[PDB]
Structure formats: C-alpha cells, structure tokens
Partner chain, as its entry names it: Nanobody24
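Just one chain follows, in the form deposited without the partner chain, and it is written as structure tokens.
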C-alpha cells in the first residue's frame, strides 16, 4: 500500500477569452488514496456551488484534482480551500493569497 499527502495550491485565474471573469481554483495534487473531501470556503462558509471538478491520475497511485468556480472577490472577503484526507489528522485549510 502507499499513501501520500496532497499538495494544495489555491489561486485565481481569468480566462483569456473572457478576461472580466475570475475563477477561484484549488489544485490538489499527487495524493493517494484517492478518497478525499475538498471544499472552497468564503469567510469560513462552505461554497455549495462549484461548477468545475476535474480528477485524473498519472501513475496508478497518484491523483490530481482541479476544483474551481467563478467568483467575484472583494478585498473584504476571505477565501480558502479545506481538504480532508486520511493522511491529514486535522482538516487542512489553505487560505487564498489575494495576490495569487
């Protein structure tokens, strides 16, 4: 058996075709087993509507999740990714760096 803790990256992107759109992304990478729980948070509150969730694997024991949705950040709001996985004794919360 093998288990690996996910790497977690949280960042924003504007699609070049629609630049006034902004997306909040959580890239959760290289984890095993594939069982996982991943939420986007806004001011501590779970975001129910996340239109994109994109799972793949490389080696049979390495999984990759892109989790993202459109959003309209203000300098007031705090956003984060919250991840649960068997390798994590507590939920891991990664805050969005507003400049990323």
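Residue numbers count along the first chain shown, from 1.
Mean CA B-factor, 10-18 versus 73-81: the higher value falls on 73-81. Looking at 19-27 and 82-90 together, the entry lists the larger mean B-factor for 19-27, computed on C-alpha atoms.
When the C-alpha B-factors of 34, 43, 53, 58 are ranked from the entry, the top spot goes to 43.
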